[PDB]
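Q:
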Amino acid sequence: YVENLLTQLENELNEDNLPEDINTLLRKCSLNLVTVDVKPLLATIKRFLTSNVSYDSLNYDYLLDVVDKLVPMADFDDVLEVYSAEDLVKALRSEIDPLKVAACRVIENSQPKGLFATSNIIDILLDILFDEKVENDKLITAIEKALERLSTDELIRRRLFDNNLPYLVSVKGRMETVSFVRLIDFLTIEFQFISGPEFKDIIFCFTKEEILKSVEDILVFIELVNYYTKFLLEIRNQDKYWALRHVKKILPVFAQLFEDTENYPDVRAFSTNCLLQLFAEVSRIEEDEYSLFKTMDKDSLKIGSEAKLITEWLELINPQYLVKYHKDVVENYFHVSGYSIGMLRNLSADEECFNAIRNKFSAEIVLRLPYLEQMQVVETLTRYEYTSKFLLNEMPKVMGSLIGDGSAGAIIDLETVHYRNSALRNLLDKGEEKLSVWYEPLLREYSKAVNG
Numbered sequence: 158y159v160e161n162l163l164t165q166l167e168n169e170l171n172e173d174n175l176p177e178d179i180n181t182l183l184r185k186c187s188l189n190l191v192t193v194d195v196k197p198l199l200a201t202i203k204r205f206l207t208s209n210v211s212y213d214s215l216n217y218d219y220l221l222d223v224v225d226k227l228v229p230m231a232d233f234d235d236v237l238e239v240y241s242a243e244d245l246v247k248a249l250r251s252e253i254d255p256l257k258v259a260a261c262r263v264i265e266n267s268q269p270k271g272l273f274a275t276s277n278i279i280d281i282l283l284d285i286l287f288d289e290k291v292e293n294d295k296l297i298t299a300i301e302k303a304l305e306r307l308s309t310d311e312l313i314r315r316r317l318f319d320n321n322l323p324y325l326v327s328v329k330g331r332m333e334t335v336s337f338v339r340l341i342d343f344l345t346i347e348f349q350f351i352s353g354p355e356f357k358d359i360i361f362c363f364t365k366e367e368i369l370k371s372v373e374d375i376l377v378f379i380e381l382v383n384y385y386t387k388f389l390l391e392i393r394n395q396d397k398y399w400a401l402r403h404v405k406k407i408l409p410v411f412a413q414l415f416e417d418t419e420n421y422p423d424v425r426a427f428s429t430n431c432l433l434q435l436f437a438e439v440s441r442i443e444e445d446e447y448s449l450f451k452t453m454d455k456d457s458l459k460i461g462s463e464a465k466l467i468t469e470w471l472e473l474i475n476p477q478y479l480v481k482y483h484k485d486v487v488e489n490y491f492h493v494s495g496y497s498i499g500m501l502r503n504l505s506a507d508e509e510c511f512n513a514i515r516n517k518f519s520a521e522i523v524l525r526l527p528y529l530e531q532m533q534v535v536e537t538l539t540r541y542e543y544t545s546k547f548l549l550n551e552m553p554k555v556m557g558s559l560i561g562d563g564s565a566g567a568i569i570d571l572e573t574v575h576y577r578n579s580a581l582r583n584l585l586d587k588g589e590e591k592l593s594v595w596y597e598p599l600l601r602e603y604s605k606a607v608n609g
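For the record, in the sequence shown the residue sitting at position 136 is 293 according to this note's numbering, with numbers rising by one throughout.
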């Protein structure tokens, strides 16, 4: 019922010849802990982890889950008594994997978060992680979980970027698949907390040559492309615009590789969609007034020209850029059709861009679409205030079809209601004053899904 199930397992672990039904008992202790004496089962499990003999009857899968739950939950001053700084150095450096994973659980939730910054436990953790010989996924995940959690502290970020600073850049220059990709996911997590000075140009930024070197094993190139897509996003979200200067000029290298198909063909066949997502962030980043992306566009990318790409450019690139420089492209491609769904979604973000396609938009077109797409379009037009102005008053037969005087299709929905409902709840958020002669039919139709 309470801790009586975990203090039951306690006495069976204390037993010299463990009750062979120790697997079925562990199959309950671990699943019952999911619901939620402080140092009983901490030292009792510790004897199995430190135990060099293999346990076929005692499947650690569950024994380590009991620790993964107990350790973060129970008081850390009690957990620090069983597993101290001295206990961890012996545990991490040992060649007993369950003990190593359980040690990560202690380093995981350190109290305070900069407790083991004095000790070189942070250093040991990296030497296991950036070690291609280690393939135990459970262990690698446990080292990352602890790192991501302790990276919140000042004392940990400095120890990670000073003592391990050479060992980090070493792996970076080495470029070993298992290790280097492990460095990409590490540095991304680290950049979320790393301040302006704490930035070490070499470990965070990769030079043109290194990106050309990653081309070899396409798998690395995609995560390296991903690394920079992640970087430009944490620049606009955390407003870390000091990190812009550091990357800046190494981005057009990706634009070159995307243009070249003769020399680099696997780039445009294994990372086309991935690189597209990277370019969209380049157009969106803070620059006066869109020059870095403009250079990439005029020299390599070439927005338009490539027929099979026009769709995606109007589907991913910043509309604020697309309006000021490719106004023609927007007018001569995107129209009302159950394919331009994504084009409408992406181009709707700016008023000037949406105003350029007011003409190409017409009430009669929306009505001839299947009710699925019909709603998709309505939903998309209920995203902003200026799009509401064009839906509520300009196309009322569309708004009238949203309520469905009868039905402009009916009844099989699948997903369509999610779109209908969103469009219904989004219009209602404007207030009775804004909705005018639609506040009553909209509040009525939306209530049909929340109750029914």
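Don't be surprised by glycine CBs; every beta carbon is placed ideally from N, CA and C.
I'd like the list of long-range same chain contacts for residue 100, defined as Cβ closer than 8 Å, with 5 residues on each side in sequence excluded.
A: The shown model of the chain, from 158 to 609, leaves out residue 100, and the question about it has no answer.
Q: Hey, which unbroken runs of the alpha helix (DSSP H) at 4 residues or more fall wholly within the segment 287-368?
A: The alpha helix (DSSP H) runs lying completely inside the segment 287-368 and spanning 4 residues or more are 294-307, 311-317, 322-331, 334-348, 358-361, given in chain order.
Q: Could you round the C-beta distance between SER457 and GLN413 to whole angstroms and report it? I think they count as a contact, below 8 Å.
A: 5 Å
Q: Look at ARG540 and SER505 and say whether their C-beta atoms are less than 8 Å apart.
A: yes
Q: From the DSSP output, in three-state form, read off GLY557 for me.
A: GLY557 falls in the helix class under three-state DSSP.
Q: The alpha helix (DSSP H) spanning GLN413 covers which residue range?
A: 409-416
Q: Counting beta carbon pairs with one atom in the segment 254-263 and one in the segment 198-207, are three or more of them shorter than 8 Å?
A: yes
Q: Would you kindly report the start and end of the unbroken alpha helix (DSSP H) that includes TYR219?
A: 217-230
Q: When the distance is taken between beta carbons, is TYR576 closer than 8 Å to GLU536?
A: yes
Q: Using a threshold of 8 Å, state whether the C-beta atoms of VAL555 and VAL523 are closer than that.
A: yes
Q: Using the rule of at least 16 other Cβ atoms within 10 Å of the residue's Cβ for burial, across every protein chain shown, is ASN383 buried or exposed?
A: Under this definition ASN383 is a buried residue.
Q: Consult DSSP for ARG540 and reduce its assignment to one of helix, strand or coil.
A: coil
Q: When the Cα of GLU366 is compared with those of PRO409, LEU390, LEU344, which residue comes out closest?
A: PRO409
Q: According to DSSP, is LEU389 part of a helix, a strand, or is it coil?
A: helix
Q: What does the Cβ neighbour count give for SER214, buried or exposed, with the cut at 16 atoms within 10 Å?
A: exposed
Q: Using the three-state DSSP reduction, which class does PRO269 fall into: helix, strand or coil?
A: coil
Q: Quick one: complete alpha helix (DSSP H) runs, 4+ long, within the segment 465-525?
A: 467-473, 476-488, 498-504, 508-512, 520-524
Q: Could you check how far apart the C-beta atoms of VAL424 and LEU389 are, in whole angstroms? I think they sit under 8 Å.
A: Between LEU389 and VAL424 the Cβ distance is about 19 Å, and since that is not below 8 Å, they are no contact.
Q: In or out: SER267 buried (at least 16 other Cβ within 10 Å) or exposed?
A: buried
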